[PDB]
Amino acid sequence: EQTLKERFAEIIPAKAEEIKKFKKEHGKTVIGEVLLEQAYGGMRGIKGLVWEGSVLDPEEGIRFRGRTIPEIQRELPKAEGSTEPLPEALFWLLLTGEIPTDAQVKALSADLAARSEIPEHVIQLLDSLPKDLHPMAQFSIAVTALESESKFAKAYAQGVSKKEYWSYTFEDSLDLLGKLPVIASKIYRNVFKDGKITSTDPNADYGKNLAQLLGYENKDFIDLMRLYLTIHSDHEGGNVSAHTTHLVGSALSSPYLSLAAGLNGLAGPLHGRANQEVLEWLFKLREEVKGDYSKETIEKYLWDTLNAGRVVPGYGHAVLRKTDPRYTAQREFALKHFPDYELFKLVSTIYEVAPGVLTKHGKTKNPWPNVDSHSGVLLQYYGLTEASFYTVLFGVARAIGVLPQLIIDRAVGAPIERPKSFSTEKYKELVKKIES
C-alpha cells in the first residue's frame, strides 16, 4: 500500500491547484473588518490564518479534519489489544485528510522508530544541562541542536527549486517527530530519575515508545500516552505554539528551528501550563478540605474561591458551549481504569458542581471544563508526578499537529507571514482621519 509520503505526493497537486484557483477567483472577497480594538487586542477574531488540520466547532468541540473526538476514537486504527486511537495515525489524517489502514500505520510507526536515534552532540548537550534549567528550555535547546541534521536547510543552500521544498520539509518532520520521545525521555530521566534510559523498540508504536523510554511499562499508562498525544495534538492555527511554528517556518526556517520556536511559545505560562495550574489548585483544595469531597464542601470551596476574586482554573470558554470533548475522553479513561482514585473523585465532583456554581456567580461564559482540567489527574495516577515536566509531554503531542501544517505550507507555497504594525501615535492619526 502507499506510504504516507507517497499518498501525500499523489494527492497534494490537486489540492494545491484548488487553493490557487480559490485564491485567484475569490481573493478579493471581503471576509472581515479590522477594528482598532483587535490591533490592541492580540488580533483576536482576525481571520488571518489558514490551518488545514483542525477547526473549532463552537457546538461540538475541536474537529480533526472534520471529525469530533469520539469520531476520531472510532475511526483511527488501534494497536492490537487496545482501543485508544494511535497518534501516528492522527498524524497521517492531519497531513492527508484520510484514515490509514492498519498496515499503513504499522509501517509509519516502524519508520518513526527507525528515525529516532539522536546524535552524540545532543546526548552530550542534554546530559550537561543543569537540573534547574526548566525541562521546556532543555527541550527546545535539544531540538535546535538537531539543526545540523536538517535536510531542508541543506537543500535550500544547494538551491533546489520551490517545488521540492515540501519533500525535504517532510523528511525533516518525520526525523524530528521520531526523535522527540527520545529527547523528552532523556530530559525526564536526567532531571527526575537516574539518568538511565532504555532503547527504542523498533516494533513499538509511538506512544508506547514514549511511555517505555520515560520508564513506564504499565500497559494502561501506554494507553494513556496514546490517548494523551492524540487529543493534545492540534487545536487550530491561532494558538501561540502552532502560530509561532508556522510564522518561523514561513521564513523558511527548518522544522527544527520552527518547532523549537513553537516550543518556546508553548512554554509561556498563558499557553502551556494550564494542566499544572489545575493540579496545583486541586492539591491546595484537597489539603484545605482534608479530603472531604461532599457536594456541600466543594460548592462552598468554589464560592469562597470566587468571592475572593480567584479563578476556578480550567473551566469556561469564550465560544465552545459544552464540555470540551478532550476533557470527556480523559474522564472516560479514568472511569474505565480507576473510578475510585481519590484525586479523580475530586475532579469528577468538581465537574458535577462547578458548572452550576459558576453559572450562578454569573461572570463565566460557558462554564464547562477544558482538556487541562483532566490531564494531570491521569498522569498522577501512574506516578508521573513531576508537574514541571508536563508541558514537555504537551510539546511532543503538539508536534503531531504543527508538523503537517509546515509540510502543507511548503507544498502550497504559503508566503512569509508579515502583518503590518503602527505606533500608537500613528494609529491615533489614522483613527482621526477615519472618523472625519
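Residue numbers run from 1 along the displayed sequence.
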Of 280-288 vs 224-232, the stretch with the larger average CA B-factor in the entry is 280-288
Mean C-alpha B-factor comparison - 158-166 and 108-116, higher one:
158-166
Taking the values straight from the PDB record, which of 138, 294, 173, 144 has the highest C-alpha temperature factor?
294
Of the residues 331, 345, 189, 363, the one whose Cα carries the largest B-factor in the deposited record is 363
Should residue 96 be placed in the lowest, middle or highest third of its chain by the C-alpha B factor in the entry?
middle
Using only modelled residues of the chain, where does the Cα B factor of residue 417 rank: lowest third, middle third or highest third?
lowest
C-alpha B factor of residue 184, ranked within the chain: lowest, middle or highest third?
lowest
Residue 124: CA temperature factor from the record, placed by chain third, in the highest
By the recorded C-alpha temperature factor, relative to the other modelled residues in its chain, which third is residue 318 in?
highest
